[PDB]
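S.K.: 3D, please:
(5 chains)
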Amino acid sequence: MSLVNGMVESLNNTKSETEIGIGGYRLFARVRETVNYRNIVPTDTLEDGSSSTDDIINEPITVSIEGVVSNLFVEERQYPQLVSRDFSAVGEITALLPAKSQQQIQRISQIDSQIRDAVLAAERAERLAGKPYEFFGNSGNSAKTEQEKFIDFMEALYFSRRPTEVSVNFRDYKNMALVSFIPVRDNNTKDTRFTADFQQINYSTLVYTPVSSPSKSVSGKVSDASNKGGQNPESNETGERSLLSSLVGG
Amino acid sequence: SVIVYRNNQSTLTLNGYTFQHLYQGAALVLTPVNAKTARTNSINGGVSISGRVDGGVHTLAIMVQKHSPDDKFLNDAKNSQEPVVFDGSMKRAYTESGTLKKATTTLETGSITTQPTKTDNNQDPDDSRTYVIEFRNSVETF
Amino acid sequence: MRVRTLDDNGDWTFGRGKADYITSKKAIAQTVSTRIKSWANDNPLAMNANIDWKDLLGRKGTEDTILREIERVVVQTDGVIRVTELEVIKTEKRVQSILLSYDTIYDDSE
Amino acid sequence: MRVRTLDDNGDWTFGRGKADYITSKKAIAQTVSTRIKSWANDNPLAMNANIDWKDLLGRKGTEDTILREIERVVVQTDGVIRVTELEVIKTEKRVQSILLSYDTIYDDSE
Amino acid sequence: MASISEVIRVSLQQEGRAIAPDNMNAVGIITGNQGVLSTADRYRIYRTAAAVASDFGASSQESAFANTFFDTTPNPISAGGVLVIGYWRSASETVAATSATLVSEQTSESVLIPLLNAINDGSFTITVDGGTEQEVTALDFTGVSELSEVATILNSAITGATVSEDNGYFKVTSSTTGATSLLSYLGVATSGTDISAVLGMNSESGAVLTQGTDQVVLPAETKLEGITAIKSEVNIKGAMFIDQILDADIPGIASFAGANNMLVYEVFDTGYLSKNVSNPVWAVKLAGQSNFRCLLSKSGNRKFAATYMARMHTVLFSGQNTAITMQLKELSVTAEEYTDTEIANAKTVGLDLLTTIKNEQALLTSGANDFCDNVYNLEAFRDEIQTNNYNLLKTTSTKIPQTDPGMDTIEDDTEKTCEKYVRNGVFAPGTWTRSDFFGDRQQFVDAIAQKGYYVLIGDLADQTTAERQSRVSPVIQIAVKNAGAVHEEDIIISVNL
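M.R.: Numbers count the residues shown, from 1 in each chain, chains lettered A, B, ... in the order given. The structure is reproduced below:
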């Protein structure tokens, strides 16, 4: 659409110095590295001669990285990858919540300790959404060689079915989805030569949102009224608990 | 250092049969055929070092006398109905700084690859046979 | 674009409504000037408000990324076109001062 | 996740219901500790319960696969994230002792 | 009941990995309370808060400082480091009378037992309290499976003293305390195969035989310079005091910090935000004591130092660019509130601040005294070139001959260390700004500008024959340039009105 949008959101992905790799796994070597900007320009000669422009439909950028992984990779000059902070309680806003007695508070404490064990994993996952490497983490076991680590990380990313962030030099694209990962092992080199095509998952906001990206502490707070479909509760079986004894009388 | 050999060409043993008849000249030539560690260069600058699986495969080239029993042995191996596997060693006795010492080069899982080029010359005969065996793994130690 | 003017020290201004508002070409100036100053994970209502300072002035070797992020913030501003910015001193004690120059959407009317 | 605590020698505990249950970060500890100890083709209700010991301590040359399978069991545990494990002694008589360290889902709240 | 356990056991880690303060990040906290660290127990090493508690109690301020230490998220033990608690005699330590001890050789339990089980009869000569010589002529060591059992046997044999085993050591303590010499190192007896020599108790063997000290002894009340006793035992590389160093003693310890290639962190309260000569921190800054890091805490919250220490000594000096600055890094203590005038004074005097911006810590560090980054990194560099040269003189079976190839060996090793510390982020190439050098100024400046470091070793023929037969290598001169880190940003908008 606008020509102004071009430079504006062309710089919207700035590559940090730390050089995230395929998502934090930089322990290989990039033999080749390509991106494919494509466009659909409708073919036939456009209709008016005055204003019938705005006909270059954009396309999902793909990024192809072929490299090699060896047992012993020595990285030349790159800064450490540091664990991102847990900035979830930045807006956390208590102290308006009710005054409730002890062991009414502590009952809530036990409930919180009870379902934090079941939610905190996915909470960390969403905190570390772009970058899977420090989610899966350094393998940490001395038995698995480096090619172990590359293969098991790649399989974890691939089965994860979550988009990752991929850095070609000068850009750290934010939501790349692993499209194709082909590791090859010649019988004349113990390394693994792998080609990985990613495809950006670009998605814009249709609806009025005053806040671009809030904290977890207000993300639901500023959410607009979400919609779920209908359903016939009278015709459910998986939870057809009887009427509570406290209600039949009342 | 000060290295004094004995028995100029190293003693070669294959299949419990030690070559007592080597041609003059390049009697034994143990050429490693493939590079040891292959390396790759990254965009950012790092290098990926990786040992070749072919890192050990060597070709021992043997110059035996044109009809001496060593030639008979190697020729019988060449003419076998199925490829014969050689598993031997090149042992060389030598002295370093006056101390007697032995250098051992074990050759493992070889077969005759390039057959000898048989020439019978009049003006200047070349009564040699060069059998090239390709051992899977050759390890030198001393 | 209008925006409330700030006085010299940069505190807010109330009173003189419709007159404490910067009109233009200076509204862009003020808005870039304090878009640079907006630490990233500050605002719970915009956690990617602007560039991340606690994670760029606290780590060695970010000068290039400081500059790239300043260019990102400035260029993505309603009213600017180009930039022309680099570093003028070299951490005279350890503070480096960079020079930032940008062409607003004004002064291009010929 | 709750789980009944075990006492020092590892026998079961009855009585003090809702109180002999390990709460968390220790429930993960207990559950990994005795997931390692679950021989594979033991349980007729889970014949691939955990790693196969009668076929890994009875065969020469499995140390790498012992370690890979221990990492498999630990990582595939509800509550752990990473591991950091290797061998610390070298079969001091013939028993090797390996050191296993893992980061539970806790202690990552910053 | 043949348990599963005898084919696999799975337990919890018990000893604190029992490591030693080898790396740079071996930081210390000096107490003055004679609870558990008395003299001759001058230090204890820890890698977790709970152990410090169990030896110190969550109530004693020392455990509190350990708690605020390990609570720093990138704390030292995350980069090959340890905490160590020292002890300076604050006031009149009373060392209780001991009894004579006899610690035997380190025995592996895999060799002592097989040698013992063949020894039917026993044979000891021991003496307790200088009494009649005691000879032990029957110790049927055949039935022994672990050192605890031979310990029990010796306990039953040696009358007048108790025998214990502890981490492969054999300790033998007389009952009586005070002038209670165990004259014997388990000498040879008149009959029976000798157990003494094989045990390690033997006089020719390396057996410590600390005699029973005299009855209760009073060490006097030392000065904070008693830190030397810690430093001469632990190779601490960064220290604090629980009790605040008196003004009159700051320069001394400050000098100490430089002279022992270590750092000392000390906090001061608001009354020291001046730049007069009487202000001790500025006295440090003028004296150049760059290793005596000064910190500022309005409340006086001493713990600010520990966490600060716990935040600094945290760089694994082996990866790339792991050298960190200090400013704006999370600590384990609540920040304080400062005015602008006082924060400017702290900047321009040398103190450091953990000041609130909004409920969010902001560490601002000074450059008046040299930045903690620079001092700590230079200390790491001196330590690492020392370690690499030492490892080179240790590795080789030969003697590293005093020939020019030998100097090329040593210079190459030093250059390898320098290259590591340029890859390590500490030193980076740049135009050498100082006005002094070693050899060819063109050679020197070019090497700094292109590699970042220069290593020149003087040739052999440029040293006196007094320094040639002293087996001392020539002077090795290495020069480096600190990497150009950034702490603030004065963005200047180019005005076009």
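S.K.: and the residue of chain C nearest chain A?
M.R.: For chain C, the residue closest to chain A is residue C:44, as judged by Cβ to the nearest Cβ, at 2.6 Å. From N, CA and C alone the C-beta is placed, and that goes for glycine too.
S.K.: any idea what sits nearest that residue, other than its immediate chain neighbours?
M.R.: residue A:91 (2.6 Å; Cβ to Cβ, 6 or more residues apart in numbering or on different chains).
S.K.: Now the phi/psi pair for that neighbour, please.
M.R.: Reported as degrees, to the nearest 10, the phi and psi values for residue A:91 are phi -100, psi 0.
S.K.: tell me the contacts of it?
M.R.: The contact partners of residue A:91, taken as Cβ atoms under 8 Å, 6 or more residues apart in numbering or on different chains, are A:214, A:215, A:217, A:218, C:44, C:45.
S.K.: Out of those, which two are the most distant from each other?
M.R.: A:217 and C:45 (10.4 Å; Cβ to Cβ).
S.K.: Distance check, residue B:111 against chain D.
M.R.: From residue B:111 across to chain D, the span is 29 Å (Cβ to the nearest Cβ, to the nearest Å).
S.K.: Surely that residue touches residue B:86?
M.R.: Yes - with contact defined as Cβ atoms under 8 Å, residue B:111 reaches residue B:86; the gap is 6.8 Å.
S.K.: Quick check: neighbours shared by the two?
M.R.: Here residue B:111 and residue B:86 have residue B:133 as joint contacts, going by Cβ under 8 Å, 6+ apart.
S.K.: The two: which is more packed in?
M.R.: residue B:86 (22 against 15; other Cβ atoms under 10 Å in any protein chain shown).
S.K.: what's the more buried one in contact with, if anything?
M.R.: Going by Cβ under 8 Å, 6+ apart, the list of residues near residue B:86 reads B:14, B:15, B:77, B:107, B:109, B:110, B:111, B:133, B:135.
S.K.: is chain C contacted by stretch A:151-171?
M.R.: No - using Cβ under 8 Å from any Cβ of the partner chain, stretch A:151-171 stays clear of chain C, coming no nearer than 9.5 Å.
S.K.: list the contacts for the closest residue to chain D within chain B?
M.R.: Relative to chain D, the nearest point of chain B is residue B:51 (17.8 Å; Cβ to the nearest Cβ). By Cβ under 8 Å, 6+ apart, the contact list for residue B:51 reads A:71, A:190, B:36, B:37, B:38.
S.K.: Identify those among the residues you listed that sit within strands.
M.R.: Judged by DSSP state E, the subset of the contacts of residue B:51 located in strands is B:37, B:38.
S.K.: farthest-separated two in the contacts of residue B:51?
M.R.: Distance extremes for the contacts of residue B:51: the farthest pair is A:71 and B:36 at 14.0 Å, using Cβ to Cβ.
S.K.: So those two - more neighbours on which side?
M.R.: In terms of neighbours (other Cβ under 10 Å), residue A:71 is the more surrounded of residue A:71 and residue B:36; the figures are 17 against 10.
S.K.: quick one, what contacts the more buried one?
M.R.: Each residue near residue A:71 by Cβ under 8 Å, 6+ apart is listed here: A:145, A:146, A:147, A:190, A:191, B:50, B:51.
S.K.: ok, those vs chain C, which is closest?
M.R.: residue A:146 (25.5 Å).
S.K.: what about the closest one, how many residues close to it?
M.R.: 19.
S.K.: Quick check: the gap between the residue nearest to it when sequence neighbours are not counted and residue B:48.
M.R.: Leaving out its chain neighbours, the residue that sits closest to residue A:146 by Cβ to Cβ, 6+ apart is residue A:71, at 4.9 Å. Residue A:71 is 9 Å from residue B:48, where distance means Cβ to Cβ, to the nearest Å.
S.K.: so which helix or strand takes in the spatially most central residue of chain B?
M.R.: What sits nearest the mean C-alpha location of chain B, by Cα atoms, centre = their mean, is residue B:60, with 2.3 Å. Using DSSP states H and E, the element containing residue B:60 is strand B:58-65.
S.K.: what sits against the residue in the stretch 101-250 of chain E positioned nearest to chain D?
M.R.: Distances between the stretch 101-250 of chain E and chain D by Cβ to the nearest Cβ are smallest at residue E:110, namely 7.6 Å. The contact partners of residue E:110, by Cβ under 8 Å, 6+ apart, come to D:92, D:93.
S.K.: could you pull out the helices for the chain?
M.R.: Picked chain A for this. A:4-10, A:105-127, A:133-136, A:146-160, A:216-219, A:245-248 (DSSP state H).
S.K.: could you do chain C instead?
M.R.: Under DSSP H, chain C gives helices at C:27-35, C:63-75.
S.K.: so is residue E:474 in a helix, a strand, or just coil?
M.R.: Classification of residue E:474 using DSSP: H, G, I helix; E, B strand; the rest coil returns coil.
S.K.: hey, what's in contact with both of residue A:71 and residue B:48?
M.R.: Common neighbours of residue A:71 and residue B:48, using Cβ under 8 Å, 6+ apart, are residue A:191.
S.K.: quick one: residue E:287 and residue E:251 touch, right?
M.R.: Yes - counting by Cβ under 8 Å, residue E:287 does reach residue E:251; the two are 6.4 Å apart.
S.K.: rewinding a little: mind checking which of the contacts of residue B:86 are in strands?
M.R.: Using DSSP E, the contacts of residue B:86 in strands are B:14, B:107, B:109, B:110, B:133, B:135.
S.K.: Quickly name whichever of those residues is closest to chain C.
M.R.: residue B:135 (50.8 Å).
S.K.: who does the nearest residue in space to the closest one that is not next to it in sequence bridge with?
M.R.: Leaving aside its chain neighbours, residue B:135 sits nearest to residue B:110 (3.6 Å; criterion: Cβ to Cβ, 6+ apart). Beta-bridge pairing for residue B:110 (DSSP bridges): residue B:86.
S.K.: now the strands: where do they sit in chain A?
M.R.: Using DSSP E, the strands of chain A run over residues A:29-36, A:62-69, A:72-74, A:164-168, A:171-184, A:192-200.
S.K.: actually chain B, not the one I typed
M.R.: Secondary structure of chain B (DSSP E): strands located at B:3-5, B:11-14, B:17-18, B:28-32, B:37-41, B:47-51, B:58-65, B:86-96, B:99-110, B:112-114, B:128-135, B:137-141.
S.K.: So for residue E:416, which of the ones you listed sits nearest?
M.R.: Taking Cβ to Cβ, strand B:47-51 is the member of those nearest to residue E:416, at 17.7 Å.
S.K.: hmm, back to that, distance to residue A:56 added to the strands of chain B, as CSV?
M.R.: Converted to CSV, the strands of chain B look like this (distance: least, Cβ to Cβ, whole Å):
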stretch, distance to residue A:56
strand B:3-5, 76
strand B:11-14, 73
strand B:17-18, 79
strand B:28-32, 58
strand B:37-41, 38
strand B:47-51, 40
strand B:58-65, 61
strand B:86-96, 69
strand B:99-110, 63
strand B:112-114, 61
strand B:128-135, 61
strand B:137-141, 61
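S.K.: Please list the residues of chain E that sit near chain C.
M.R.: So chain E meets chain C at E:321, E:323-325, E:327-329, E:358, E:360, E:362, E:367, E:371, E:425, E:483-494, E:496 (Cβ under 8 Å from any Cβ).
S.K.: Pull the number of nearby residues for residue E:296.
M.R.: 27.
S.K.: wait, it sits on residue E:267?
M.R.: Yes - Residue E:296 lies in contact with residue E:267 (Cβ under 8 Å); the separation is 6.8 Å.
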